[PDB]
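Given as structure tokens, the chain that follows is alone and in the form deposited in one PDB entry.
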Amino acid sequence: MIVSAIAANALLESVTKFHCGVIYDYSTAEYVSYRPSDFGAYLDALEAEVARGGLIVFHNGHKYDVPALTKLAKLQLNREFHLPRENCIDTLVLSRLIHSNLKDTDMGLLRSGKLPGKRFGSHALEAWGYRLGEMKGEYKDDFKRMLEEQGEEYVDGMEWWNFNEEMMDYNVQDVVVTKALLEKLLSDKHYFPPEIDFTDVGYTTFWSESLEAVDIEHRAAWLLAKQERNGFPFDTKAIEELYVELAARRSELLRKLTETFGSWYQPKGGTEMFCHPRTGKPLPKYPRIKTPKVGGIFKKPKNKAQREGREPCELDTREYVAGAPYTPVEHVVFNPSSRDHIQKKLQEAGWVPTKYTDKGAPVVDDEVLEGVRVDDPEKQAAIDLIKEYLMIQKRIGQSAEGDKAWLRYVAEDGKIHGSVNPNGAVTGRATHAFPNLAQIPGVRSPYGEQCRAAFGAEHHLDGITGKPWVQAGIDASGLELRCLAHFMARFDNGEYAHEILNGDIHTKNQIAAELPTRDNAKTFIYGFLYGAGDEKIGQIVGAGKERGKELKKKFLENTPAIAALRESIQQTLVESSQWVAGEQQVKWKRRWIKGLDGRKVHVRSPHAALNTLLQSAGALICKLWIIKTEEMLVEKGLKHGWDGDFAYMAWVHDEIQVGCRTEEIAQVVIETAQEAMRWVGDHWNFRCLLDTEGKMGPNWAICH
């Protein structure tokens, strides 16, 4: 096992030159440095470890270092370099698996001062340097400040343009932090048994003797990094065309709304409290005011004529008068994007808000707006125009105007490369961003069809044939309820699992909770299973907490296994708990549940523990599943990539969207995904049968 880190001239996207690289080997126990002209030897050093069946440790290597060495080795040395996944370890991945709750563990580090504020809860190499006490400095700082003591200025991200010995040493600094970080992680006996020395074993023993989560998170990271590079083919012309239609509609709506509501003045700037004129008491419900410290009617003297009383001085042009308070105001034009302006105009028209926010302001969301009623017919009809407007803005903001709009991320290759943290959420779910491809409006929401159709394999033309690709959309059928069925099989011996199979599980929950409609039941189970209070539950059938408590107690009496399961979870985790000023104060026996692959899954709250358990199982089942699917596809001969047969484009919790060169391959992808899901189910002795459903089509709108 060796430990390494490199330095290049840019982000993966535009990296062209390899600067330096350090390799700490555990056998020899000594470092070795590589400079620009040593890149050839550096790559050889890595291949040797692979020849020995060893391991290579990189911090953030799956996403950067390895693919960067693949790209740099081609354009610089014109050589084929491909580090086999099974030989690579990624501290950033282990870090995210073992310390999935850095946010809390850090509060103590924030207060003490051993960890800078900006690095709060960061898994970055530097952040770990401060946690381990290995940080003697940061390169970008020994450069920026050292740039002053040299004259020249600084350009956002330029400390990496050219190689310099100062870089070659901070490069070493980064290898010792990696090594120290690795040993800190290998010392966690829950993931790495003591009976084995992991800094001294073969890759086959490293994966088989460590907790299974270690292997899964590494395969998931390798595959997801790959998916980010494939990217999602995106139809720019369609989205730009949509932006025009929406902007024109936004303008027409703005015009009509500024005609209904006009302009008006409103307090802006006041700092002190207006005091009652006669009594002097502070009056809080009046806008704040400004009390000028200067100003008058006549400019103070300075001439011997007025230095006693005689020749007139000079009147004051100033508008204020020291002493007299005024309410500063601004003139504002109605802005339909302002919840504040909406609530101001409607209240003026006779609307009396019912629900408020903790900060006092009246709630103005889609729900309440839908129910607002005022006597001014014009004012009333305008509410639907405000609703449309807000929705229009949401779409425009996501597709074109926002900092992170899709139009701002399309690459030259006509694809959106969304990044994904495979292990970003506590439950183990992945998180998506830059942009969040896991949040594109559904085909069921306004303008959702058009938005979805813009993301599709059809927008990628094959590099050989020129023909558009095809899309395969696969989802894991009812994954959450099936996971719940696996966990209660312990108390009901597969009774509920069989209910799923027979079909119509929602009808069964309806009968047990005694709800009037099948839809009330679907909306009940998820609300109930995840913590909903008695009120929200009652509101399903048009009632309150009263109907709520009876709705849940009925459900639990009819579904004993669920009650047993919750009680079981409650007693393993909580010692005692109490309510104080609205918040629940808990005392834990243990703050974590074990996951399907052995990892510790941190629990935030008791009412949400069951959701933690199910979201976690669904997340790990899906992680293993998309891993196994790609493994079976590659094993059947299909090649992964655009220059190949299929390309992973997006993984959104329980679903994947796969680009396929031909319909025939789409069909194989779909069948394979189902074979892999059954494999996963047998692999973990799952007590409920798992399934998937696939759809072929040109884009995301059709494949769902």
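Don't overthink the numbering: it's just position in the shown sequence, from 1. If you superpose the two forms and keep the largest set of C-alpha atoms that fall within 1.5 Å, you have the rigid core.
Keep in mind that the form deposited in another entry is missing from the display, and what follows is about it.
Compared between the shown form and the other one on the core, the listed residues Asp403, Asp197, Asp104, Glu153 keep their C-alpha shifts below 2 Å, save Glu153.
Once both forms are fitted on their core, a CA shift of 2 Å or more is seen for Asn509 between the shown form and the other one. Remark: with the core as the superposition reference, the CA shift of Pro468 between the shown form and the other one stays below 2 Å.
A movement of the C-alpha atom of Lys281 reaching 2 angstroms or beyond is seen between the shown form and the other one when the two forms are aligned on their rigid core. Between the C-alpha atoms of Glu514 and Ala609, a gap widened by no less than 3 Å is obtained in the other entry, as opposed to the form on display.
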